[PDB]
Amino acid sequence: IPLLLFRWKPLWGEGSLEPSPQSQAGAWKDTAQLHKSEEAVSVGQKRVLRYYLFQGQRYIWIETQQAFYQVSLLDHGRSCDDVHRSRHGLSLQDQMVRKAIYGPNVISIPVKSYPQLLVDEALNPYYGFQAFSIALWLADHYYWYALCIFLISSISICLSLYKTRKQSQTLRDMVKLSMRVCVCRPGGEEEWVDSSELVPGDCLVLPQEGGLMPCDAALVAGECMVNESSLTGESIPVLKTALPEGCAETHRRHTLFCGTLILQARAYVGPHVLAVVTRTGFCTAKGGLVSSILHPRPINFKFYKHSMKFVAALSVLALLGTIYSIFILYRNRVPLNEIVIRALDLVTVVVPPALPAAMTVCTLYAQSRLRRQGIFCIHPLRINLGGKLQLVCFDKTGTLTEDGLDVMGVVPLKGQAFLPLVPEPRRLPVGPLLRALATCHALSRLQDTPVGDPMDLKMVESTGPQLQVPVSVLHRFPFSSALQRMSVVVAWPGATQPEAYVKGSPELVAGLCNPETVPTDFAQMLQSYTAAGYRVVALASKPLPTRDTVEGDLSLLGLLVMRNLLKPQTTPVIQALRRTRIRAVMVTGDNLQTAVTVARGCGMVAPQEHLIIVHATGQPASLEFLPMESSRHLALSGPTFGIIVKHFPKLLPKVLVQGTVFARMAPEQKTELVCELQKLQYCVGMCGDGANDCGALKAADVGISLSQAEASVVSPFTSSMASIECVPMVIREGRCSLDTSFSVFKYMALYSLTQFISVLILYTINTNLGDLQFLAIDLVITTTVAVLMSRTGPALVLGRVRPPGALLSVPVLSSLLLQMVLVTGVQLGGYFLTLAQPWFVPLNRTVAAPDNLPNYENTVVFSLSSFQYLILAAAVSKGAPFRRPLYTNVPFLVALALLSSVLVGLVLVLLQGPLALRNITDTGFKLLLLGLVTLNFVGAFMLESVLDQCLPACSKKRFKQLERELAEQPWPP
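The sequence shown runs 60 to 71, 113 to 125, 140 to 360, 365 to 582, 610 to 613, 620 to 696, 708 to 779, 784 to 796, 820 to 1098, 1101 to 1145, 1155 to 1173 under the deposited numbering.
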């Protein structure tokens, strides 16, 4: 010991590495390229046991000889025979050995009681300044403004208190539940252990009656089709095979995962299925996903990076005022303690102690016009990132196309003729064609709705007959995926013998049909449909007087048509995006030529534009550049994207700058596609809910999830409108809320500084401003203007220009400085003009600062000053490009006008008991004063307009560079 720095911690975290290395001397150290702070160990259970957690992975390594990190399964070069060598459960001695290295199978959360949370939220370097300012004002003033800043801060800490507890309470009501699930023991026992005490080395014998899931296991013996609703999005039973003998990511369909509610539980070898454990709840699939959203990505926005840097220029403009102020305030011979309280007030007048609150009010107003609109947002500062989007990547299942299938009709065939597609199957008369597809099903007529496969529900309502003239006699062959067809034996009254109504895949069934029935125009009609983005099955029949006698030399009646139609409001939106110079992309877990006819329809790839298929081949060979005919775009595939991301990484930025359609994308292959496009220095946006959205959604910058009301397993935008009509009104709520976070920050810097200038042009002559006056100014004119200002509203037409986002650049600084030369000027011009006036008498200087108050210089400086705050506020809020014109903000205009009228009245008339003004001004030059304030109004608006036209005639973001580059030399050679 004797290395504790507690004696130096009682006399006071900018650099965490330069402080922990002095407070503490391979033991309890963790520093490798990322934030260097998780320093603990356990070393229990009479072993080495390198325990330390970082976000849920123990990294079990103290050295390289007898230690190696990445505890997730620890044996990545494993054999598929090894899980077949270990079908039996692990021995009870060894069961409490693997539990000591691995986790306790609970991805838990801390409790985080109130002292704790509070402390964290408060000890931050701004709320210290709101505990130095309140304790400085209370020595004089206060009472009113201090109570108000303290209350506003308390509600600013009690809202983050209850919002952060509810994030923990919602995740606690999630997984880490308890469930008894029997195992196989060391030798043939069950014991019904809990689902949170099994480790890799054991097995699972799952009960077929009920159970949610314990864990992810390798199916050593069995076969099932589990409910995949919470795992891969597809709520249908997904066929999951057993593991063959001889890399569990390659054996995806061979291993069953966590969250799998079992449906079949088919043993087919013996009494019960056997599945041996692979991982544990700490680092498994969906065990890592819940822990991933507990440590989110930081919103690396350059707007906030120049907002915490511009205050640190106001934190040095104070120190060039509180040296001068001491000198002047002493020269006039104050008795001392006031010199100190005064220089300190100057510090609180020029660093605005409620600037944070105004920024929060602007964003709160945001949410309140999205939650009324329909879009639900949970993270407020993500809304500002929505306007600076230059890439929007879409899904297609339930995002652009309709989620479920439908039908255009049947294309029958009577003697090799191809009578055309019927738009509605009730129109053509009754026969074997419409008795078949209305009855060729194995649906469950149960509780008023047939429940089964998605696509075969829609064929029933297409012609819409009654259901129970025929009746379901017997299903001789249930639909398996190996034969790609299903036969239904059915009879009806009025017939002599039943017929074998059968549907199935076109080429595999019609070859089994009669060749005198199927024509030679069967192949050409097939790729006339499936190349236009259609799903197609064929239908046949044969009379019957079981086995496959019902399926042989059939009579192929015709083809059936299925397709995923677009939503009615996804065509005029994709035109609305790429007319505003931001370009859309689809990512797709379906077939390629399905997702090309969508992009030609909705408007990703417009007509009279080129597109090129990329197919590059396992082997590192060439690209082959396949075209299509029907700017520049190019479509590519899933495994093609895996080749050129590794074999050609120097050729990759000339493909993702033009890549529009990404098909066959794996659910993990999407989250680097949304990440390679972030180190090309775009600002991406995901928008889609469906099967495979989960991995790339949080890794994006603005992720919208459709067709769900309120959920927290999401990137922080979750619309409840089920269309991509929301993605304009999220990038239109990041432009009227990022060009508002200028107009509140700028008014604030300008107010602080007009107050600094007045308090200074008025510490000279020893005539400090008075208390009700400062209160009036701050509370009234700055709680009203800021609050009311932040609610103007969004526009109706999206523009080709983006907000700047950088508020240290010349335009902001220049407006502040010019508007300020005009403000100093009006306040000083006023002081000099009040002086040279013939009735004027000077202030009794050799008295004191706040008993020198029924006089004149303070009356003139305070009047010119209040009008200025209101004029600067109206000037710094303009709405021609982005938000809305100002006259639609009725509350504000009414306030500006009423405050302005109370102030004009103070000037031209009586508030002279309060506000400590000069008793009356006799002569009629109160009018020149009013004129100086009019010159200032015209002044501010004109200056701001002239500066708004600032064409400083005197392409670094990578995408821009590439585009120029490609434009010179295209790249699809």
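Backbone N, C-alpha and C define an ideal beta-carbon position, used for all residues, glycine too.
Buried or exposed by the 16-neighbour rule on C-beta atoms within 10 Å, applied to residue i
i	result
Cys480	buried
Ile946	buried
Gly242	exposed
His559	buried
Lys887	buried
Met426	exposed
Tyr386	exposed
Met210	exposed
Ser796	exposed
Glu323	exposed
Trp67	exposed
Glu1165	exposed
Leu564	exposed
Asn418	exposed
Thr396	buried
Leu148	exposed
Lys514	buried
Proximity test, residue i beta-carbon vs the ligand NAD heavy atom, cut-off 7 Å
i	result
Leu1061	As for the ligand NAD, it is missing from this structure, which has no ligand bound.
Per-residue DSSP class, three states only, for residue i
i	result
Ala214	helix
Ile833	helix
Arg821	strand
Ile774	strand
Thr515	strand
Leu663	coil
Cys338	strand
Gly848	strand
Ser343	coil
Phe1132	helix
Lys280	helix
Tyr871	coil
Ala472	coil
For residue j and residue i, believed in contact at Cβ under 8 Å, the rounded distance
i	j	result
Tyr1020	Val1049	7 Å
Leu523	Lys654	Incorrect: roughly 14 Å between the Cβ atoms, too far for contact.
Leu1005	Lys935	7 Å
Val660	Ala691	6 Å
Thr829	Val776	6 Å
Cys329	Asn219	7 Å
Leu869	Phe1159	5 Å
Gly504	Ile913	The Cβ separation is near 14 Å, so there is no contact.
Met875	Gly892	4 Å
Residue closest to residue i, alpha-carbon to alpha-carbon, out of the options
i	options	result
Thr742	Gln508, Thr647, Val760, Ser292	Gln508
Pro547	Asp521, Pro610, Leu722	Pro610
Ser1136	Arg636, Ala900, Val1001, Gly1115	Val1001
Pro1027	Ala181, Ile269, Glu1168, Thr1114	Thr1114
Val1079	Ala651, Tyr871, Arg980	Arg980
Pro572	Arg725, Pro541, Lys693, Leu1126	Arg725
residue 15	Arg821, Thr515, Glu520, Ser580	This structure gives no information on residue 15, because the portion of the chain shown stretches from 60 to 1173.
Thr971	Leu531, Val289, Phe1081	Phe1081
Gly662	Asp715, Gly645, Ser623	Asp715
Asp195	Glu359, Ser120, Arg164, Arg161	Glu359
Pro983	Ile954, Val1030, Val1012, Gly923	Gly923
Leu1024	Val458, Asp960, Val1012, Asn1047	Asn1047
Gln635	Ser909, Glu658, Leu250, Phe428	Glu658
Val863	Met854, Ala855, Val873	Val873
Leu275	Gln230, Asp967, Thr733, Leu996	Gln230
Short CB-CB distance (under 8 Å) between residue i and chain B
i	result
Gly516	Within the model displayed, chain B is absent; a lone protein chain is all it includes.
Query raised in the report: Does the stretch 463 to 471 come close enough to the stretch 378 to 396 to have 3 or more Cβ pairs within less than 8 Å?
Result: Here the stretch 463 to 471 makes no contact with the stretch 378 to 396; the two share fewer than three CB pairs at distances below 8 Å.
Report task. Could you say if the stretch 912 to 931 and the stretch 478 to 497 meet the contact criterion of at least three C-beta pairs nearer than 8 Å? Result -> Flag = yes, the stretch 912 to 931 and the stretch 478 to 497 touch.
Query raised in the report: With contact counted as at least three CB pairs below 8 Å, one residue from each stretch, are the stretch 227 to 245 and the stretch 325 to 343 in contact?
Result: Too few Cβ pairs lie closer than 8 Å, so no.
Query raised in the report: Contact between the stretch 1027 to 1045 and the stretch 956 to 968: three or more CB pairs below 8 Å?
Result: The answer is yes - the stretch 956 to 968 touches the stretch 1027 to 1045, with three or more Cβ pairs under 8 Å.
Query raised in the report: Should the stretch 1007 to 1017 be regarded as contacting the stretch 1105 to 1122, the criterion being three or more beta carbon pairs within less than 8 Å?
Result: Contact between the stretch 1007 to 1017 and the stretch 1105 to 1122 is absent, with fewer than three C-beta pairs closer than 8 Å.
Report task. Specify whether the stretch 270 to 290 and the stretch 212 to 226 touch according to this definition: at least 3 beta carbon pairs, one from each stretch, less than 8 Å apart. Result -> Below 8 Å, enough C-beta pairs join the stretch 270 to 290 and the stretch 212 to 226 to call them touching: three or more.
Query raised in the report: Is the stretch 1113 to 1128 in contact with the stretch 841 to 850, if contact means three or more CB pairs nearer than 8 Å?
Result: Because the criterion of three Cβ pairs below 8 Å is not met, the stretch 1113 to 1128 and the stretch 841 to 850 do not touch.
Query raised in the report: Does the count of Cβ pairs from the stretch 489 to 502 and the stretch 897 to 910 closer than 8 Å reach three?
Result: With a cut-off of 8 Å, the stretch 897 to 910 and the stretch 489 to 502 count as touching, because enough Cβ pairs lie within range.
Report task. May I ask you to verify whether the stretch 442 to 451 touches the stretch 875 to 893, counting CB pairs closer than 8 Å and requiring at least 3? Result -> No contact exists between the stretch 442 to 451 and the stretch 875 to 893.
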